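**Q** If you're matching them up, the sequences are chains A, B, C, D, E, F and G in order.
At position 139 of the first sequence (counting the first as 1) the number is 156 in this note's numbering, and the numbers step up by one without a gap.
At position 158 of the second sequence (counting the first as 1) the number is 175 in this note's numbering, and the numbers step up by one without a gap.
At position 2 of the third sequence (counting the first as 1) the number is 19 in this note's numbering, and the numbers step up by one without a gap.
At position 72 of the fourth sequence (counting the first as 1) the number is 89 in this note's numbering, and the numbers step up by one without a gap.
At position 37 of the fifth sequence (counting the first as 1) the number is 54 in this note's numbering, and the numbers step up by one without a gap.
At position 55 of the sixth sequence (counting the first as 1) the number is 72 in this note's numbering, and the numbers step up by one without a gap.
At position 26 of the seventh sequence (counting the first as 1) the number is 43 in this note's numbering, and the numbers step up by one without a gap.
Handing you a structure now.
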Amino acid sequence: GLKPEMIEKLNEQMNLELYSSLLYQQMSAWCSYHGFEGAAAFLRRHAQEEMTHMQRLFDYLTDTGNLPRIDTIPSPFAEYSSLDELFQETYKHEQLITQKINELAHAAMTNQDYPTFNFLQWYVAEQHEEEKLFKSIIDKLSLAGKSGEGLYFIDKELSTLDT
Amino acid sequence: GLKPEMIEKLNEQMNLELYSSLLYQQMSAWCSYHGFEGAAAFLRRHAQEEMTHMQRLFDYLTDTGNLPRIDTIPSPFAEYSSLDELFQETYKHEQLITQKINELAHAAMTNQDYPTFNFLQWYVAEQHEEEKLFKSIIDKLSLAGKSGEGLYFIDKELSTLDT
Amino acid sequence: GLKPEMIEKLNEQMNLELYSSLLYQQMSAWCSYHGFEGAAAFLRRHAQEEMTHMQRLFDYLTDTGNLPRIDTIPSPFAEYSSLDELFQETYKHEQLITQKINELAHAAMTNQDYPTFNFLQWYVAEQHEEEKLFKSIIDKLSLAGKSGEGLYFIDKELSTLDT
Amino acid sequence: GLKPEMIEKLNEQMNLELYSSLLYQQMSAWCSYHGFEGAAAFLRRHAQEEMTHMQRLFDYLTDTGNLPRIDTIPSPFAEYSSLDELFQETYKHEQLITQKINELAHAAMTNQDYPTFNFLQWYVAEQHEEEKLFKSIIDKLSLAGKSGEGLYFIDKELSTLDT
Amino acid sequence: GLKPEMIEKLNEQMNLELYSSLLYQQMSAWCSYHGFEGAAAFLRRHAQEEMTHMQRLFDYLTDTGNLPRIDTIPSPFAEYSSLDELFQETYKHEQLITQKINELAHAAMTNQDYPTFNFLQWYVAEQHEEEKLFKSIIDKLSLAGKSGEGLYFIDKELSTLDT
Amino acid sequence: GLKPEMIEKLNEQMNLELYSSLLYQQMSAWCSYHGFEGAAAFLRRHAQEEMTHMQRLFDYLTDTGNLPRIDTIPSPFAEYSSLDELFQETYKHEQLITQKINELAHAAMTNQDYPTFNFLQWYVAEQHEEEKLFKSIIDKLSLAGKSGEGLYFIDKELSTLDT
Amino acid sequence: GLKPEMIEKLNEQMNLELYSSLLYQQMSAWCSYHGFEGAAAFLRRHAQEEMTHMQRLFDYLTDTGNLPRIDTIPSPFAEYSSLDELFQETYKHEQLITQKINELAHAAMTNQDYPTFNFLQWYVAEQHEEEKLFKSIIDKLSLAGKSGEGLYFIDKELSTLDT
């Protein structure tokens with residue numbers, strides 16, 4: 018079964034995924050407020066995606082006969098100076114999630130927890146893909162984001178980015 | 018536009034819908050832990066439903082040019098003595114949500130806010146339906162929930178209840 | 018190629034999967050004899066499933082140019098006091114198989130045998146699913162198995178459980 | 018109902034069918050090890066066929082309210098000097114199974130057990146067909162099996178023989 | 018991100034996959050020159066396969082923000098005494114690739130690089146399959162390759178082997 | 018048959034096509050590294066195209082009973098100051114390939130090698146088309162490539178250019 | 018229009034194609050007589066193919082307002098010591114046809130006859146393909162043609178070779 022360190026780290030990551038989903042929702046509100054409807058739509062879709070990462074951890078914990086515990090969730094509210102600054106923060110947050118998944122994989126390996134190591138492989142692969150997506154948005158903003166016209170085009174791309 | 022009281026009450030209800038979704042998720046974990054997989058599945062579906070109520074309020078606020086603000090969310094964790102006690106609490110919580118929606122409708126009418134009164138009609142109708150559903154579950158538990166066999170049948174019904 | 022410890026442990030697990038398939042067949046005979054036709058059908062299906070786990074190990078060994086060796090198989094015959102006692106034993110046996118797979122994964126990692134570690138990931142995932150299934154049956158028996166009526170319903174569910 | 022001699026002989030044949038299935042599996046491993054992949058595939062298919070003969074006896078015993086008992090199964094491991102020697106042994110084993118079925122049919126007739134005599138007719142017919150198949154393979158090996166080229170062609174035929 | 022040892026080993030393997038693709042192309046030319054058109058077609062298909070292994074590594078490096086670097090590629094030209102000698106060399110080369118992939122997986126594990134360990138699992142599985150294929154060709158040549166007639170049949174099989 | 022000068026020039030062009038394919042691959046890596054994903058995708062597709070030109074020469078040589086010889090391939094690695102500079106170099110390289118094809122056609126005509134002159138006509142026509150494509154990209158960069166916004170649009174066009 | 022040398026060479030080649038078709042027919046009769054029905058069928062198909070080459074020249078001459086003239090055709094009858102000797106002669110004859118086509122292409126170029134040079138390109142390409150086909154048959158006979166069994170397999174392949 019799951020060792021106490023692993024139960025703790027899995028619950029911690031479940032709650033971080035929940036917080037992250039709400040952070041992406043709040044960021045989408047910043048985008049709507051500042052007239053970036055396409056960026057807002059993209060971040061709403063990503064908020065839904067990250068909530069499914071929360072659910073996958075929740076269900077793994079219940080499968081193993083452990084009771085997942087949703088923690089107090091701090092407010093994700095923040096101020097952003099620009100669309101570029103916001104997406105820089107989204108990318109840094111995704112890098113944090115990737116790091117915490119790698120730390121969880123390392124904990125599973127050092128605890129000789131092969132079921133949890135196997136379970137975490139989905140997160141390792143998916144975080145690789147999501148980091149690549151957010152890096153591409155950062156690159157687009159670096160290239161064309163220094164004018165209102167460029168931001169207009171990037172926003173329109175974001176409205177349908179990743180289907 | 019929206020008056021300050023209405024902005025405050027709409028944000029408050031948005032955050033209550035978010036809390037409620039997580040409460041239903043946590044209740045589903047109690048059900049899984051105690052072997053009621055059908056009740057767990059039903060509560061997971063209802064958690065998803067209530068999150069859409071949160072999203073509808075979030076989007077109304079952004080439509081009106083107001084910035085919705087996700088608050089600190091308290092932990093929904095609680096202990097329950099029985100499946101019946103849990104569902105009694107779910108029903109009481111739905112009654113609370115219904116009351117808060119009625120208070121919001123009254124606030125809209127007294128503030129002469131006809132767009133918000135119109136927007137809230139969806140919640141009035143939907144809460145009526147959801148209360149009816151949870152009352153029916155309470156009635157089933159009152160009738161047949163006093164044996165393990167009866168709980169087995171009710172759990173199986175819950176696994177597919179409301180599609 | 019495969020180190021001697023790994024050849025030995027893989028052959029051992031292949032023979033344990035074979036024994037397990039026959040154990041589940043024998044348990045199904047107990048169920049038929051005591052009038053639990055649905056439980057019997059379920060255990061016959063699971064006996065077929067576990068035999069495929071044997072075959073997957075057999076084929077891995079032959080792929081690597083090693084000769085798998087089917088051992089002497091002890092009789093799986095046993096007495097059971099009740100359907101609940103039988104399924105408790107089935108679940109404990111599945112937990113044993115899960116443990117032996119985890120020990121094999123650990124042996125592969127400590128022997129720096131990355132092909133075998135990769136091969137074993139299928140077993141880690143599948144054993145997780147099968148343990149969850151047998152835990153759910155134990156939970157149903159704990160809830161409703163204390164009457165002949167309840168056993169009648171559980172048997173009927175088992176007749177088609179997991180398709 | 019079944020007389021004690023008939024219960025004993027039916028259980029004996031059930032266990033012989035089980036042993037035979039594993040013997041054919043082990044023979045397929047010899048074929049894989051020596052590079053005869055088509056012969057290996059054929060023997061794996063025949064191992065599955067013979068296991069169904071075991072299951073048919075198991076189910077007949079349970080139908081009649083008798084508890085079939087899976088015995089200790091001796092290891093089928095053996096050495097073979099050639100593909101021809103292996104298939105000679107497979108054919109001799111099938112002839113043994115045919116003889117034991119004929120002895121069972123005779124026992125049913127002398128015990129005035131008409132349900133078991135009727136049940137055994139399936140085995141009489143099927144063993145006739147399977148002996149014919151293995152005799153044809155022996156004949157092919159006698160004709161063309163004295164060269165590596167001939168063995169190559171026979172192996173390729175075996176890979177799809179009997180669909 | 019990727020540690021310097023891992024960047025170096027990944028680039029090294031990318032270039033080894035590129036060299037291998039060209040080696041298989043050159044071997045196919047030997048086959049064409051000596052009249053083995055089916056062997057030539059098979060090796061051309063395998064050259065295309067191995068180039069895709071190069072591309073997968075190239076793309077992983079670019080995904081991680083590292084610049085893959087195609088090295089100077091030595092000529093793969095060699096002399097072969099026979100079709101059997103050529104395919105023995107192809108099989109030994111595939112075994113080398115398998116070893117280098119295992120060394121890369123070990124480096125990822127010892128460097129606590131879980132994204133790269135995950136990425137490499139595709140190579141571990143695929144190399145297992147490709148080694149099995151080339152071992153089967155070696156076995157066919159050992160059996161039937163000692164006559165011109167046998168080589169004729171093996172060449173015809175190779176023309177469509179593995180679709 | 019082929020005269021020695023023609024064998025030499027055909028092998029030389031085969032190896033130049035191979036080098037060119039890898040050069041286009043390496044250029045695509047520069048594009049990925051600098052955030053031009055559409056340019057990267059276009060150059061990856063063109064790398065695949067040019068490899069087919071290599072294969073067509075390889076197969077012509079083998080058809081004529083000559084053994085094509087893959088040479089040592091120098092590293093294509095280079096530095097580029099800008100996307101425009103990179104594509105200027107791609108266009109100049111395509112012009113070099115066109116020139117070498119024209120020199121080969123002239124060599125075939127002066128050697129009275131009508132089969133090789135006929136074979137080369139495919140390259141004459143295809144190089145005409147590919148030069149036209151790369152000239153059009155140069156023209157787009159000259160027109161709109163002097164801003165980050167313009168480069169953003171050109172990159173997006175390149176992502177699907179020439180299907 | 019056509020110069021006298023070109024009219025003469027085109028008529029000469031038309032008559033050589035006619036003779037060749039009949040030669041292939043006569044060779045097919047040798048094959049039938051010696052029991053090689055598949056080789057006979059292949060040569061009958063090739064006789065039909067070569068007659069179409071005759072017709073294409075005939076029609077070119079009539080298109081240009083020149084009267085093609087079918088010459089006296091010498092008997093193609095010959096003796097052959099073996100199927101291999103026959104196909105060696107077929108291949109040498111195809112090489113002769115290829116040479117005469119190259120001489121015709123050279124004559125067209127030196128006579129500045131660009132319509133005839135264009136017309137002949139079909140023959141240059143087609144003769145390349147047909148030489149490759151007959152070289153492959155020679156290679157099969159060299160490999161497997163030294164036994165009656167091998168000749169049996171080659172004959173069976175020829176029966177459907179090139180559709």
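Each residue gets a CB set at the ideal place from its N, CA and C atoms; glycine is no exception.
Listing by chain order, which chain E residues have their CB less than 7 Å from the CB of F/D88?
**A** Per Cβ cutoff of 7 Å: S92.
**Q** B/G162 CB to nearest chain C CB: under 7 Å?
**A** B/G162 does not count as touching chain C.
**Q** If we cut at 7 Å on Cβ distances, does residue 2 of chain F have a partner in chain G?
**A** It is not possible to answer for residue 2 of chain F, since the shown part of chain F is limited to 18 through 180.
**Q** Below 8 Å, can you find three or more Cβ-Cβ pairs linking the stretch 96-116 of chain D to the stretch 92-101 of chain C?
**A** At 8 Å Cβ cutoff, the stretches do not touch.
**Q** Give every residue of the same chain whose Cβ lies closer than 7 Å to the Cβ of residue 214 of chain E, excluding the five residues on either side of it in the sequence, and list them in chain order.
**A** Nothing can be reported for residue 214 of chain E: it is not among the residues displayed for chain E, which extend from 18 to 180.
**Q** At a CB-CB cut-off below 9 Å, which residues of chain B make contact with A/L39?
**A** Those are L35, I87 and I90, listed as they occur along chain B.
**Q** Once DSSP output is grouped into helix, strand and coil, what is the label at F/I154?
**A** In the structure shown, F/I154 sits in a helix (DSSP, three-state: H, G or I).
**Q** Report the option in G/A46, G/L35, G/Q65 and G/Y77 whose CA atom is closest to the CA atom of G/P132.
**A** Closest option to G/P132, Cα to Cα, is G/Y77.
**Q** Would DSSP call C/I90 helix, strand or coil?
**A** C/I90: strand per DSSP, three-state reduction.
**Q** Are the stretch 139-158 of chain D and the stretch 20-28 of chain E touching by the rule of at least three beta carbon pairs closer than 8 Å?
**A** Too few Cβ pairs lie closer than 8 Å, so no.
**Q** Starting from the N-terminal side, write out each stretch of the alpha helix (DSSP H) that is 4 residues or longer and does not extend beyond the stretch 53-84 of chain F.
**A** Fully enclosed alpha helix (DSSP H) runs of 4 or longer: 54-80.
**Q** Can you give the Cα-Cα distance for B/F75 and B/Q42, rounded to whole angstroms?
**A** Those two C-alpha atoms are separated by around 20 Å.
**Q** Note down, in chain order, each residue of its chain lying with its Cβ closer than 8 Å to the Cβ of F/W139, except the 5 sequence neighbours on either side.
**A** Excluding positions up to five away in sequence, the list reads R73.
**Q** Put E/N128 into one of helix, strand or coil per three-state DSSP.
**A** Coil.
**Q** How many angstroms separate the CA atom of E/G52 from the CA atom of E/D101?
**A** Taking the straight line from one Cα to the other gives about 14 Å.
**Q** Which residues in chain E have a C-beta closer than 8 Å to the C-beta of D/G52? List them in chain order.
**A** What D/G52 touches in chain E: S153, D156, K157, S159 and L160.
**Q** Nearest chain C C-beta to E/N119 closer than 7 Å, yes or no?
**A** Chain C contact via Cβ: present.
**Q** If you drop the 5 nearest sequence neighbours on each side, which residues of the same chain put their C-beta closer than 7 Å to that of C/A125?
**A** Answer for C/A125: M23, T133, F134 and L137, listed in chain order.
**Q** Thinking C-beta only, is F/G82 closer than 7 Å to F/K173?
**A** No.
**Q** Say whether chain G places a C-beta atom closer than 7 Å to the C-beta of F/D76.
**A** No, F/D76 lies away from the interface with chain G (no Cβ there is under 7 Å from its Cβ).
**Q** Taking C/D172 as part of the alpha helix (DSSP H), name the residues at either end of that continuous run.
**A** Its alpha helix (DSSP H) spans residues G165 to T177.
**Q** Once the 5 residues before and after D/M71 are set aside, which same chain residues still bring their CB inside 6 Å of it?
**A** Counting only Cβ-Cβ distances below 6 Å, and skipping sequence neighbours, we find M31, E34 and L35.
**Q** Could you give the C-beta distance for D/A58 and D/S176, rounded to a whole number, given that I count them as a contact under 8 Å?
**A** Between D/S176 and D/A58 the Cβ distance is about 5 Å, and since that is below 8 Å, they are a contact.
**Q** Tell whether a beta-carbon distance below 7 Å holds between E/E66 and G/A161.
**A** Going by C-beta atoms, E/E66 is not nearer than 7 Å to G/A161.
**Q** Are the Cβ atoms of F/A46 and E/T79 separated by less than 7 Å?
**A** Yes, Cβ-Cβ distance for F/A46 and E/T79 is below 7 Å.
**Q** Answer with yes or no whether the minimum CB distance from A/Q43 to chain B is below 7 Å.
**A** Yes, contact with chain B.
**Q** Just to confirm the assignment, what range does the alpha helix (DSSP H) spanning C/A46 have?
**A** Element bounds for C/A46: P21 to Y50.
**Q** Could you tell me which chain D residues have their CB closer than 9 Å to the CB of C/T115, listed as they occur along the chain?
**A** Chain D residues near C/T115: none, gap ~24 Å exceeds 9 Å.
**Q** Assign C/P85 to one of two classes, buried (16 or more other C-beta atoms within 10 Å of its C-beta) or exposed (fewer than that).
**A** Buried, since its Cβ has 16 or more Cβ neighbours within 10 Å.
**Q** For residue 185 of chain C, go through chain A and note every residue whose CB falls closer than 7 Å to its CB, in chain order.
**A** This structure cannot settle anything about residue 185 of chain C, because the visible part of chain C is limited to 18 through 180.
**Q** Just the C-alpha distance for A/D130 and E/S37, rounded to the nearest angstrom, thanks.
**A** Roughly 37 Å between the two C-alpha positions.
**Q** Tell me whether F/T115 sits in a helix, a strand or coil according to DSSP, three-state version.
**A** The answer is helix: DSSP assigns F/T115 an H, G or I state.
**Q** Can you look up A/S98 in the DSSP assignment and give me helix, strand or coil?
**A** Three-state result, A/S98: coil.
**Q** Within its chain, find whatever has a CB closer than 7 Å to the CB of E/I171; leave out the 5 residues flanking it on each side and keep chain order.
**A** Closer than 7 Å at Cβ, skipping near neighbours: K157, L158, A161 and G162.
**Q** Residues of chain E with CB closer than 7 Å to the CB of G/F104, please, in chain order.
**A** Those do not exist, as G/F104 stays about 14 Å from chain E at its closest Cβ, beyond 7 Å.
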